[PDB]
Number of protein chains: 2
Amino acid sequence: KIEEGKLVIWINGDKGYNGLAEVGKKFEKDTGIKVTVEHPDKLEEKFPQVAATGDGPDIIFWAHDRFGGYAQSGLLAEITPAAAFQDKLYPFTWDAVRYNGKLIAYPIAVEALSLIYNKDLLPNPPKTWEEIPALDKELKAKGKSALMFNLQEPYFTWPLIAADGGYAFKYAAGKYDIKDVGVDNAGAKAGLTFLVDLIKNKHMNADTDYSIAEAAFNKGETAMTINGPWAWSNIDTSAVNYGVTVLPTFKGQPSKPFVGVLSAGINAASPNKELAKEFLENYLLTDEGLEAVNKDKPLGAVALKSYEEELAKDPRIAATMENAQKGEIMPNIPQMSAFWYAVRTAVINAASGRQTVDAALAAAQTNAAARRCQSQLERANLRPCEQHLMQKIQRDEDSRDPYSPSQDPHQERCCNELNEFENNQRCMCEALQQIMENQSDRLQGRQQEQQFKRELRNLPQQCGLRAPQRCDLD
Amino acid sequence: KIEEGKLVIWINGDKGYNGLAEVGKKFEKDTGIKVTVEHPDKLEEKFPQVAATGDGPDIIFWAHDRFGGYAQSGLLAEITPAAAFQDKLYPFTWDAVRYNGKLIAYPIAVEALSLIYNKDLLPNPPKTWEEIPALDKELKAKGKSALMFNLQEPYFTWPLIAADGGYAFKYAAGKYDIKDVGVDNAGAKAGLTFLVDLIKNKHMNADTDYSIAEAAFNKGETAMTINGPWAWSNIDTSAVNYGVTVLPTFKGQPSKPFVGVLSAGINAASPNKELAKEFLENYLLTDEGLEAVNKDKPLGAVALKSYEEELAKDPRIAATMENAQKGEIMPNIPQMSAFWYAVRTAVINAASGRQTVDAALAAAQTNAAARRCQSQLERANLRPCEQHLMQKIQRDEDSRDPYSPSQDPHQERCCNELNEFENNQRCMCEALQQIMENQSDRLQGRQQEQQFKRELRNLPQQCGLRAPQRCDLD
Ligand SMILES: OC[C@H]1O[C@H](O[C@H]2[C@H](O)[C@@H](O)[C@@H](O[C@H]3[C@H](O)[C@@H](O)[C@@H](O)O[C@@H]3CO)O[C@@H]2CO)[C@H](O)[C@@H](O)[C@@H]1O
Ligand SMILES: OC[C@H]1O[C@H](O[C@H]2[C@H](O)[C@@H](O)[C@@H](O[C@H]3[C@H](O)[C@@H](O)[C@@H](O)O[C@@H]3CO)O[C@@H]2CO)[C@H](O)[C@@H](O)[C@@H]1O
Ligand SMILES: [Cl-]
Ligand SMILES: [Cl-]
Ligand SMILES: [Cl-]
Ligand SMILES: [Cl-]
Ligand SMILES: [Cl-]
Ligand SMILES: [Cl-]
Ligand SMILES: [Cl-]
Ligand SMILES: [Cl-]
Ligand SMILES: [Cl-]
Ligand SMILES: [Cl-]
């Protein structure tokens with residue numbers, strides 16, 4: 001489980017975790033509470049998996065977009081700041097940690113990608129994506145290349161995709177229509193197409209990932225890269241003289257980065273909820289705290305109004321905010337992970353040539369708009385079905401297809417719930433399994449239990465719904 | 001298979017099949033072609049099952065509503081009458097055998113249910129359903145009952161259900177919205193409710209079926225029944241003095257029978273298509289022909305204008321047409337069978353008390369609006385998927401998760417088709433099986449075949465679609 005007394009903190013390996021450990025120590029010098037800071041791999045995946053059972057860190061750091069999922073799963077303890085404190089952080093940033101009218105994490109900083117150029121290799125950076133092929137040609141001559149960024153992650157290639165019309169889920173009347181996915185429209189295609197063409201023409205390489213691009217840029221091998229504030233430190237170390245400017249335009253429109261807001265959320269299974277709140281509110285979210293971290297690795301435009309008033313002077317932050325405004329805040333809904341995985345795949349297959357732009361995006365659209373089982377299960381309230389089945393058993397203890405020689409002398413609300421598993425039978429099964437589990441202990445007899453299994457088994461048919469071929473009800 | 005030279009005809013056991021055999025003989029006396037007339041059980045089920053392989057009758061008789069399904073399955077040969085002939089039959093009736101802008105059967109007669117009363121027991125039949133409980137009470141005293149009709153079939157109980165708002169599929173802009181099902185609205189509930197209440201109060205019995213009601217009425221045991229023209233003969237035999245009148249009203253509206261049009265369709269696998277056409281056009285659809293049949297058992301309002309001009313004089317036919325007009329023509333779409341099965345179930349469970357009106361209807365709505373696998377398969381054009389997979393194999397004969405040490409140095413349109421099986425995985429499987437079958441013969445090698453199976457197997461995943469847990473590709 002989770003030790004009471006200490007604070008364990010998870011944050012991604014590309015963030016200023018050393019800078020955060022310092023705030024960990026200042027907090028310890030004043031508190032005596034041991035603050036541990038870790039940067040595991042795939043922590044945004046691991047957390048859902050571990051916080052579920054009741055383990056993991058007290059605090060979890062990631063971009064706001066994943067927290068909706070965590071919330072829906074009941075993994076995040078709600079956070080509640082006295083009005084005053086809230087007045088210190090930008091409205092904009094508070095919204096990003098708001099799910100179902102609740103605050104589920106603490107905002108830290110606003111992130112957005114910008115175009116980063118080597119002032120040596122390229123005094124004047126291009127205004128347009130279209131300009132780039134010419135450049136690379138020119139640069140290849142001098143033994144260099146025009147541009148290199150991470151292609152393995154959608155986050156990076158999305159600003160171009162989004163430029164001429166691409167979007168994730170439309171925002172219709174105060175909500176996201178997760179059936180209205182715009183990754184397969186003219187714009188998205190145009191964008192991804194241009195991207196692939198760059199590859200087809202030897203201007204960049206489908207296999208290029210983060211570290212490869214970072215190294216290339218930091219060793220002065222390519223004129224341009226695309227990245228976020230976090231990456232500024234390593235360059236500051238690298239002897240390269242760099243500028244940070246607005247991303248190029250495509251078909252005349254600005255690239256539109258998915259703006260994300262670094263957030264800190266408290267494990268809803270942690271004993272140290274108070275300590276956590278005090279840490280984040282009184283130490284991290286302070287001018288010294290943020291600075292300590294921002295020193296290790298730049299946060300972008302911090303959530304706290306006072307320190308940002310300082311940071312704003314930095315031209316790099318200006319360009320960061322410029323790109324951010326051209327962009328859109330990522331949604332934080334549960335379906336976002338689906339969307340991301342979907343697009344990650346499309347981009348890769350298209351980039352690698354396994355598929356065509358039109359095909360890959362078409363698959364992404366289909367898949368990103370498909371509801372996942374785990375989500376549906378969490379949202380399910382299966383009690384009505386439980387109650388129904390129990391009752392039905394009493395009325396069959398003395399009254400077609402009878403169970404025993406003795407049988408041979410709520411339903412709506414339940415079915416309403418099961419309706420949600422009508423398009424995924426494996427899922428329908430899981431829902432039945434969940435029902436079983438939630439009752440096995442309340443089942444006295446055994447005639448009782450198996451006369452429950454069989455009833456449970458043809459429950460979907462009773463609702464006029466589709467049913468699994470097989471379904472183990474251990 | 002089907003013998004060339006003879007004509008085999010299927011018609012339901014409750015129709016004037018003897019009367020039709022006569023036209024069978026007059027046709028034989030003039031032709032020498034042996035005409036066989038049979039009335040098998042569940043012939044509307046058997047036919048789809050047998051006509052599929054290429055057997056069955058040359059001609060198939062049923063209400064128009066089932067023929068849409070037969071058509072979609074390619075079981076019905078299109079029928080084409082010279083304008084003149086068509087001018088002999090009512091427009092209304094031609095529409096009923098029209099599917100996808102094609103004539104798929106020959107209209108014979110218009111059917112509709114009416115209220116049939118014993119003039120001895122009840123000189124003045126009720127205007128309203130509401131009046132009936134009082135009657136039955138009064139009649140039970142005299143040792144009789146007010147009303148008895150078939151409860152095992154939805155066809156009979158639907159006029160009441162439909163009365164105050166019930167419908168099958170809404171007709172939206174020239175088409176039926178099979179997702180807009182009106183069997184679970186206030187009206188339908190009201191209607192079914194009244195019906196169940198009749199039962200709950202000992203006014204009728206949930207177990208009452210056709211023969212039980214017919215016998216009861218024909219032996220003068222109940223004052224009223226609800227039935228169609230076909231039933232007139234047996235009563236004519238029965239010494240009971242009966243009238244045929246408009247069905248009672250419910251909540252102030254007329255009962256609304258599903259008007260059906262007896263149709264004759266030609267097996268699209270029969271060699272005798274010409275004979276069939278000549279039989280139906282030149283013998284059956286004539287004043288003598290129809291009469292011969294109408295003699296055995298009344299057809300209702302026949303499709304042929306001339307004979308109906310005669311029949312119209314019969315007050316019984318008048319009442320039949322009155323009820324028909326208060327009613328609605330059944331749709332002939334493939335989904336109709338689903339709808340009927342769904343409602344048959346609801347009615348029975350509600351009537352039997354296994355479920356409540358609200359629950360049962362709610363299940364019917366859900367289920368009647370659910371697309372069936374066989375339908376989706378028929379409508380599927382899986383070629384694109386076939387072509388795609390074949391090609392993909394060539395491009396893998398020398399180029400992640402490789403098949404052989406050698407591999408280790410259309411898609412959209414296809415997926416568009418597979419999208420249709422996204423809510424039924426068993427079905428997705430069948431679609432893959434169909435693809436396999438349609439290629440096993442075109443597959444030279446064996447490395448070829450199994451390198452096809454594996455590709456085929458993760459085809460849904462390539463389309464971002466859901467996939468079966470298991471799928472045998474024999
Ligand atoms: O590619 C598959 C992948 O998608 C998911 O990651 C996304 C995040 O949810 C999202 O916040 C963003 O990640 C970036 C941050 O905003 C930023 O601080 C910095 O770390 O760069 C990040 C990108 O590498 O975008 C990504 C998608 O690219 C998802 O959460 C994962 O589970 C998954 O493996
Ligand atoms: O109840 C289950 C059942 O539904 C289907 O039968 C329907 C028919 O499609 C339909 O034409 C109608 O059947 C009647 C005729 O119109 C009439 O000529 C006479 O025969 O009375 C009939 C009713 O018994 O209504 C029924 C539904 O009640 C379906 O086709 C069957 O497969 C099925 O078993
Ligand atoms: Cl690790
Ligand atoms: Cl909480
Ligand atoms: Cl307060
Ligand atoms: Cl969006
Ligand atoms: Cl478009
Ligand atoms: Cl038989
Ligand atoms: Cl044909
Ligand atoms: Cl003609
Ligand atoms: Cl209708
Ligand atoms: Cl309603």
# chains A, B, ... in the order shown; residues from 1 in each chain; ligands from 1
$ interface_residues --of "chain A" --to "chain B" --cutoff "10 Å" --atoms "only C-alpha atoms" --output "PyMOL selection string"
chain A and resi 342+345-346+354-356+358-370+392+410-416+419+421-426+460-470
$ residues_near_ligand --ligand "ligand 10" --cutoff "10 Å" --atoms "only C-alpha atoms and all ligand atoms" --output "ChimeraX atom specification"
/B:80-86
$ write_last_selection --atoms "N, CA, C and O atoms" --output "compact mmCIF listing (two decimals), in the first residue's frame"
# COMPACT_ATOMS: atom_id res chain seq x y z
N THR B 80 -42.73 -8.60 -63.93
CA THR B 80 -42.89 -7.50 -64.87
C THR B 80 -44.11 -7.68 -65.75
O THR B 80 -44.08 -8.43 -66.72
N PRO B 81 -45.19 -6.98 -65.40
CA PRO B 81 -46.45 -7.02 -66.14
C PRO B 81 -46.53 -5.91 -67.18
O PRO B 81 -46.15 -4.77 -66.89
N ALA B 82 -47.02 -6.24 -68.37
CA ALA B 82 -47.31 -5.23 -69.38
C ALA B 82 -48.26 -4.21 -68.76
O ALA B 82 -49.21 -4.57 -68.08
N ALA B 83 -47.98 -2.93 -68.99
CA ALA B 83 -48.78 -1.85 -68.43
C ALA B 83 -50.27 -2.19 -68.30
O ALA B 83 -50.88 -1.97 -67.26
N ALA B 84 -50.85 -2.73 -69.37
CA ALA B 84 -52.26 -3.09 -69.39
C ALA B 84 -52.66 -3.89 -68.15
O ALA B 84 -53.54 -3.48 -67.39
N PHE B 85 -52.00 -5.03 -67.96
CA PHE B 85 -52.29 -5.89 -66.82
C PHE B 85 -52.24 -5.11 -65.52
O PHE B 85 -53.15 -5.19 -64.70
N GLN B 86 -51.16 -4.35 -65.34
CA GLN B 86 -51.01 -3.52 -64.16
C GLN B 86 -52.20 -2.60 -63.95
O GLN B 86 -52.58 -2.30 -62.82
$ residues_near_ligand --ligand "ligand 3" --cutoff "8 Å" --atoms "only C-alpha atoms and all ligand atoms" --output "mmCIF file with N, CA and C atoms, in the first residue's frame"
data_model
loop_
_atom_site.group_PDB
_atom_site.id
_atom_site.type_symbol
_atom_site.label_atom_id
_atom_site.label_comp_id
_atom_site.auth_asym_id
_atom_site.auth_seq_id
_atom_site.Cartn_x
_atom_site.Cartn_y
_atom_site.Cartn_z
ATOM 1 N N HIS A 39 10.631 9.343 -11.498
ATOM 2 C CA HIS A 39 10.263 9.475 -12.900
ATOM 3 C C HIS A 39 10.290 8.129 -13.630
ATOM 4 N N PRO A 40 9.284 7.285 -13.353
ATOM 5 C CA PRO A 40 9.144 5.965 -13.975
ATOM 6 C C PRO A 40 8.763 6.085 -15.449
ATOM 7 N N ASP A 41 8.954 5.011 -16.203
ATOM 8 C CA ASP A 41 8.558 4.997 -17.600
ATOM 9 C C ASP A 41 7.066 4.726 -17.680
#
$ residues_near_ligand --ligand "ligand 1" --cutoff "6 Å" --atoms "only C-alpha atoms and all ligand atoms" --output "number ranges by chain"
A: 44-45, 63, 65-66, 153-155, 260, 337, 340-341, 344
$ write_last_selection --atoms "C-alpha atoms" --output "PDB file, in the first residue's frame"
ATOM      1  CA  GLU A  44       0.703   7.811 -17.048  1.00  0.00           C
ATOM      2  CA  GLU A  45      -0.076   4.189 -17.843  1.00  0.00           C
ATOM      3  CA  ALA A  63      -0.740  17.123 -18.661  1.00  0.00           C
ATOM      4  CA  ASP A  65      -5.697  15.654 -20.639  1.00  0.00           C
ATOM      5  CA  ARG A  66      -5.215  12.323 -18.860  1.00  0.00           C
ATOM      6  CA  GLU A 153       4.470  10.919 -30.889  1.00  0.00           C
ATOM      7  CA  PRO A 154       1.297  12.558 -32.276  1.00  0.00           C
ATOM      8  CA  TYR A 155       1.696  15.508 -29.935  1.00  0.00           C
ATOM      9  CA  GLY A 260      -1.631  21.248 -22.479  1.00  0.00           C
ATOM     10  CA  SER A 337      -6.320   8.471 -24.424  1.00  0.00           C
ATOM     11  CA  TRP A 340      -4.124   9.801 -28.843  1.00  0.00           C
ATOM     12  CA  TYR A 341      -3.410   6.092 -29.328  1.00  0.00           C
ATOM     13  CA  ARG A 344      -0.229   7.801 -32.859  1.00  0.00           C
TER      14      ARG A 344
END
$ select_by_dssp --residues "range 148-385 of chain A" --states "strand (DSSP E)" --output "PyMOL selection string"
chain A and resi 167-171+176-182+222-227+242-245+249-250+253-254+258-267+301-302+328-329
$ write_last_selection --atoms "N, CA and C atoms" --output "CSV table (one decimal), in the first residue's frame"
chain,number,residue,atom,x,y,z
A,167,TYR,N,-9.3,18.4,-36.1
A,167,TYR,CA,-9.7,18.5,-34.7
A,167,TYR,C,-9.9,17.1,-34.1
A,168,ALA,N,-10.0,17.0,-32.8
A,168,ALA,CA,-10.2,15.8,-32.1
A,168,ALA,C,-11.7,15.6,-32.1
A,169,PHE,N,-12.3,16.1,-31.0
A,169,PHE,CA,-13.8,16.0,-30.8
A,169,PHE,C,-14.4,17.3,-30.9
A,170,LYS,N,-15.4,17.5,-31.7
A,170,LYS,CA,-16.1,18.8,-31.8
A,170,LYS,C,-16.7,19.1,-30.4
A,171,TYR,N,-16.7,20.4,-30.1
A,171,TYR,CA,-17.4,20.9,-28.9
A,171,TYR,C,-18.8,21.4,-29.2
A,176,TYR,N,-18.2,17.7,-25.5
A,176,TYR,CA,-17.5,17.1,-26.6
A,176,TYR,C,-18.3,15.9,-27.2
A,177,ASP,N,-18.6,16.0,-28.5
A,177,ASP,CA,-19.3,14.9,-29.2
A,177,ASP,C,-18.2,13.9,-29.6
A,178,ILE,N,-18.0,12.9,-28.8
A,178,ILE,CA,-17.0,11.9,-29.1
A,178,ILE,C,-17.4,11.0,-30.3
A,179,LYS,N,-18.4,11.4,-31.0
A,179,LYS,CA,-18.8,10.7,-32.2
A,179,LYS,C,-18.4,11.6,-33.4
A,180,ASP,N,-18.1,12.8,-33.1
A,180,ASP,CA,-17.7,13.8,-34.1
A,180,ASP,C,-16.2,14.0,-34.1
A,181,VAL,N,-15.5,13.2,-34.8
A,181,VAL,CA,-14.1,13.2,-34.8
A,181,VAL,C,-13.6,13.8,-36.1
A,182,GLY,N,-12.7,14.8,-36.0
A,182,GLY,CA,-12.2,15.5,-37.2
A,182,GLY,C,-10.7,15.2,-37.5
A,222,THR,N,20.9,20.0,-37.5
A,222,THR,CA,19.7,20.4,-38.3
A,222,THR,C,19.3,21.8,-37.9
A,223,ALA,N,18.8,22.5,-38.8
A,223,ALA,CA,18.5,24.0,-38.6
A,223,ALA,C,17.3,24.2,-37.7
A,224,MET,N,16.4,23.3,-37.6
A,224,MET,CA,15.2,23.5,-36.9
A,224,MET,C,14.6,22.2,-36.2
A,225,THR,N,14.0,22.5,-35.1
A,225,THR,CA,13.2,21.4,-34.4
A,225,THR,C,11.9,22.0,-33.8
A,226,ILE,N,11.1,21.1,-33.4
A,226,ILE,CA,9.8,21.5,-32.7
A,226,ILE,C,9.7,20.8,-31.4
A,227,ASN,N,9.6,21.6,-30.4
A,227,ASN,CA,9.6,21.1,-29.0
A,227,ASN,C,9.0,22.1,-28.0
A,242,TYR,N,20.2,29.6,-30.2
A,242,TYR,CA,18.9,29.3,-30.7
A,242,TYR,C,17.8,30.4,-30.5
A,243,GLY,N,16.9,30.5,-31.4
A,243,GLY,CA,15.7,31.3,-31.1
A,243,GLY,C,14.4,30.4,-31.0
A,244,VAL,N,13.4,31.0,-30.4
A,244,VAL,CA,12.1,30.3,-30.2
A,244,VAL,C,11.1,31.1,-30.8
A,245,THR,N,10.4,30.6,-31.9
A,245,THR,CA,9.5,31.5,-32.7
A,245,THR,C,8.2,30.7,-33.0
A,249,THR,N,3.3,28.4,-40.9
A,249,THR,CA,1.9,28.2,-41.3
A,249,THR,C,1.8,27.1,-42.3
A,250,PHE,N,0.6,26.6,-42.5
A,250,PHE,CA,0.4,25.6,-43.6
A,250,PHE,C,-0.9,26.1,-44.3
A,253,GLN,N,-2.7,28.9,-42.9
A,253,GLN,CA,-3.1,29.0,-41.5
A,253,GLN,C,-2.0,28.6,-40.6
A,254,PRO,N,-2.1,29.2,-39.3
A,254,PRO,CA,-1.1,28.8,-38.3
A,254,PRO,C,-1.2,27.4,-37.9
A,258,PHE,N,-1.7,21.4,-29.7
A,258,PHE,CA,-2.6,21.0,-28.6
A,258,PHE,C,-2.0,21.6,-27.4
A,259,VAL,N,-2.6,22.7,-26.9
A,259,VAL,CA,-2.1,23.3,-25.6
A,259,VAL,C,-2.4,22.4,-24.5
A,260,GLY,N,-1.4,22.1,-23.6
A,260,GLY,CA,-1.6,21.2,-22.5
A,260,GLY,C,-1.2,21.9,-21.2
A,261,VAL,N,-1.8,21.6,-20.1
A,261,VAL,CA,-1.5,22.3,-18.8
A,261,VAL,C,-1.0,21.2,-17.8
A,262,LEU,N,0.3,21.3,-17.5
A,262,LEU,CA,0.9,20.4,-16.5
A,262,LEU,C,0.1,20.5,-15.2
A,263,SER,N,-0.4,19.3,-14.7
A,263,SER,CA,-1.2,19.2,-13.6
A,263,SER,C,-0.7,18.3,-12.5
A,264,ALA,N,-1.1,18.6,-11.3
A,264,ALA,CA,-0.7,17.7,-10.2
A,264,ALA,C,-1.9,17.2,-9.5
A,265,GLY,N,-2.1,15.9,-9.4
A,265,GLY,CA,-3.3,15.4,-8.8
A,265,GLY,C,-3.0,14.5,-7.7
A,266,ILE,N,-3.9,14.4,-6.7
A,266,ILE,CA,-3.6,13.6,-5.5
A,266,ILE,C,-4.3,12.3,-5.6
A,267,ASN,N,-3.5,11.2,-5.3
A,267,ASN,CA,-4.1,9.9,-5.3
A,267,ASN,C,-5.2,9.7,-4.3
A,301,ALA,N,4.6,28.8,-19.4
A,301,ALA,CA,3.9,29.8,-18.7
A,301,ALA,C,3.2,29.3,-17.5
A,302,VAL,N,3.8,29.5,-16.3
A,302,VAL,CA,3.3,29.0,-15.1
A,302,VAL,C,1.9,29.5,-14.7
A,328,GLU,N,-5.3,25.1,-29.4
A,328,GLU,CA,-6.5,24.7,-28.6
A,328,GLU,C,-6.1,23.9,-27.4
A,329,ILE,N,-6.7,24.2,-26.3
A,329,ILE,CA,-6.5,23.4,-25.1
A,329,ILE,C,-7.0,21.9,-25.4
$ atom_distance --atom1 "CA of residue 304 in chain A" --atom2 "CA of residue 291 in chain A"
11.1 Å
$ decode --residues "range 422-434 of chain A" --atoms "N, CA and C atoms" --output "CSV table (one decimal), in the first residue's frame"
chain,number,residue,atom,x,y,z
A,422,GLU,N,-24.4,-3.1,-25.8
A,422,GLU,CA,-25.0,-3.7,-27.0
A,422,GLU,C,-24.1,-3.8,-28.2
A,423,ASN,N,-23.0,-3.1,-28.2
A,423,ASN,CA,-22.1,-3.1,-29.4
A,423,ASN,C,-20.8,-3.8,-29.2
A,424,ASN,N,-20.6,-4.4,-28.0
A,424,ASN,CA,-19.4,-5.0,-27.6
A,424,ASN,C,-19.8,-6.2,-26.7
A,425,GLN,N,-19.8,-7.4,-27.2
A,425,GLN,CA,-20.2,-8.6,-26.5
A,425,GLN,C,-19.3,-9.0,-25.4
A,426,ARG,N,-18.0,-8.9,-25.7
A,426,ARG,CA,-17.0,-9.2,-24.6
A,426,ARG,C,-17.3,-8.4,-23.4
A,427,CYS,N,-17.6,-7.1,-23.7
A,427,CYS,CA,-18.0,-6.1,-22.7
A,427,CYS,C,-19.3,-6.5,-22.0
A,428,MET,N,-20.3,-6.9,-22.7
A,428,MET,CA,-21.5,-7.4,-22.1
A,428,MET,C,-21.2,-8.5,-21.1
A,429,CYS,N,-20.3,-9.4,-21.5
A,429,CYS,CA,-19.8,-10.4,-20.6
A,429,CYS,C,-19.3,-9.8,-19.3
A,430,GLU,N,-18.3,-8.9,-19.5
A,430,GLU,CA,-17.7,-8.3,-18.3
A,430,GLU,C,-18.7,-7.7,-17.4
A,431,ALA,N,-19.7,-7.1,-18.0
A,431,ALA,CA,-20.8,-6.5,-17.1
A,431,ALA,C,-21.5,-7.6,-16.3
A,432,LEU,N,-21.7,-8.7,-17.0
A,432,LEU,CA,-22.4,-9.8,-16.2
A,432,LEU,C,-21.5,-10.3,-15.1
A,433,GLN,N,-20.2,-10.4,-15.4
A,433,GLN,CA,-19.2,-10.9,-14.5
A,433,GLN,C,-19.1,-10.0,-13.2
A,434,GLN,N,-19.2,-8.7,-13.5
A,434,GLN,CA,-19.2,-7.7,-12.4
A,434,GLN,C,-20.4,-7.9,-11.5
